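S.K.: with the input below, show me the fold.
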Amino acid sequence: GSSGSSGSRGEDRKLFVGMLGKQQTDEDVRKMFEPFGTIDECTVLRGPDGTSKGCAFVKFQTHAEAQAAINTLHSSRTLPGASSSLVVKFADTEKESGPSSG
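M.R.: Numbering: from 1, shown residues only. This is the structure:
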(Lines give C-alpha, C1' and ligand atoms only; values in the text may rest on other atoms or scores of the structure.)
Protein backbone atom coordinates (compact mmCIF):
# COMPACT_ATOMS: atom_id res chain seq x y z
CA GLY A 1 0.00 0.00 0.00
CA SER A 2 2.20 2.81 -1.30
CA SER A 3 4.80 1.68 1.24
CA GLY A 4 7.44 -1.01 1.63
CA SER A 5 9.36 -1.18 -1.64
CA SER A 6 10.41 2.48 -1.66
CA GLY A 7 13.12 3.11 0.92
CA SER A 8 16.73 2.17 0.24
CA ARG A 9 19.98 3.32 1.84
CA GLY A 10 22.95 4.63 -0.12
CA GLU A 11 22.44 7.94 -1.90
CA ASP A 12 24.45 7.06 -5.01
CA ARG A 13 23.11 7.08 -8.57
CA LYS A 14 25.80 4.68 -9.79
CA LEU A 15 24.72 1.03 -9.64
CA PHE A 16 26.49 -2.34 -9.59
CA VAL A 17 25.21 -4.88 -12.11
CA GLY A 18 26.15 -8.56 -12.09
CA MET A 19 25.41 -11.89 -13.75
CA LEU A 20 26.41 -10.39 -17.10
CA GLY A 21 27.30 -12.44 -20.16
CA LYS A 22 29.93 -11.93 -22.85
CA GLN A 23 27.01 -11.39 -25.22
CA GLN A 24 25.57 -8.48 -23.25
CA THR A 25 27.57 -5.26 -23.57
CA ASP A 26 27.34 -1.54 -22.79
CA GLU A 27 24.90 -1.39 -25.70
CA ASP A 28 22.54 -4.05 -24.36
CA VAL A 29 22.82 -3.09 -20.69
CA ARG A 30 22.44 0.58 -21.62
CA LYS A 31 19.37 0.09 -23.81
CA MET A 32 18.24 -2.53 -21.28
CA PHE A 33 18.63 -0.18 -18.31
CA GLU A 34 17.50 2.97 -20.12
CA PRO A 35 13.88 1.73 -20.05
CA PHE A 36 14.08 2.58 -16.35
CA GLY A 37 15.65 6.02 -16.68
CA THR A 38 18.11 8.05 -18.74
CA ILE A 39 21.66 6.74 -18.38
CA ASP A 40 24.54 9.23 -18.44
CA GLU A 41 27.61 7.12 -17.66
CA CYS A 42 27.92 3.39 -18.35
CA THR A 43 31.14 1.41 -17.95
CA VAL A 44 31.60 -2.35 -18.26
CA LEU A 45 34.20 -4.31 -16.30
CA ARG A 46 36.24 -6.48 -18.66
CA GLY A 47 39.66 -8.11 -18.64
CA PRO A 48 42.49 -8.24 -21.21
CA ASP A 49 40.66 -10.31 -23.82
CA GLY A 50 37.79 -7.84 -23.76
CA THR A 51 35.84 -10.55 -21.95
CA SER A 52 32.84 -9.44 -19.90
CA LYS A 53 34.03 -10.43 -16.43
CA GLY A 54 30.37 -10.41 -15.46
CA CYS A 55 29.72 -6.96 -14.02
CA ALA A 56 29.06 -3.39 -15.14
CA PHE A 57 28.42 -0.01 -13.51
CA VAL A 58 25.47 2.17 -14.54
CA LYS A 59 24.89 5.85 -13.78
CA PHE A 60 21.30 7.00 -14.28
CA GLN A 61 20.31 10.64 -14.72
CA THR A 62 18.89 10.69 -11.19
CA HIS A 63 18.54 8.49 -8.10
CA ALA A 64 14.78 8.02 -8.38
CA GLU A 65 15.47 6.51 -11.80
CA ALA A 66 18.28 4.33 -10.45
CA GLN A 67 16.07 2.61 -7.87
CA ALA A 68 13.36 2.11 -10.49
CA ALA A 69 15.53 -0.30 -12.47
CA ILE A 70 16.75 -2.32 -9.49
CA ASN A 71 13.22 -2.57 -8.09
CA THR A 72 12.54 -4.69 -11.16
CA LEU A 73 15.70 -5.49 -13.12
CA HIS A 74 16.98 -6.81 -9.79
CA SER A 75 16.83 -10.60 -10.11
CA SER A 76 14.33 -10.15 -12.94
CA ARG A 77 15.52 -12.04 -16.02
CA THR A 78 18.22 -14.70 -16.41
CA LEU A 79 20.66 -13.67 -19.13
CA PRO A 80 21.87 -16.54 -21.36
CA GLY A 81 24.16 -18.93 -19.50
CA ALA A 82 23.90 -17.08 -16.19
CA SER A 83 23.80 -18.89 -12.85
CA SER A 84 21.35 -16.48 -11.22
CA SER A 85 19.18 -13.69 -12.61
CA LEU A 86 20.33 -10.16 -13.43
CA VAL A 87 21.83 -9.10 -10.10
CA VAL A 88 21.20 -5.36 -9.86
CA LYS A 89 22.08 -3.43 -6.70
CA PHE A 90 23.36 0.04 -5.81
CA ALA A 91 27.12 0.45 -6.18
CA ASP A 92 29.70 1.57 -3.61
CA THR A 93 32.57 4.00 -4.18
CA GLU A 94 35.66 4.12 -1.97
CA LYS A 95 35.06 6.57 0.87
CA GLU A 96 37.05 8.19 3.69
CA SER A 97 35.71 7.33 7.14
CA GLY A 98 37.65 7.79 10.37
CA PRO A 99 38.59 10.05 13.29
CA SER A 100 38.11 13.78 12.68
CA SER A 101 40.96 15.09 14.84
CA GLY A 102 43.86 12.67 15.07
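S.K.: the lengthiest helix in the chain: how far from the chain's middle?
M.R.: When the chain is parsed with DSSP state H, its longest helix is helix 63-73. Distance of helix 63-73 from the chain centroid (CA atoms, centre = their mean, to the nearest Å) equals 9 Å.
S.K.: stretch 37-50 too?
M.R.: Relative to its chain's centre, stretch 37-50 lies at 10 Å (CA atoms, centre = their mean).
S.K.: can you list the buried residues in that stretch?
M.R.: Neighbour-count burial for stretch 37-50 flags 37, 39, 42, 44, 46 (criterion: 16 or more other CB atoms under 10 Å). Bear in mind the C-beta positions are built from the backbone N, C-alpha and C, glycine included.
S.K.: quick check, nearest of these to residue 62?
M.R.: residue 37 (7.1 Å; CB to CB).
S.K.: thought that closest one was touching residue 63?
M.R.: No. Using CB atoms under 8 Å, residue 37 makes no contact with residue 63, being 9.5 Å away.
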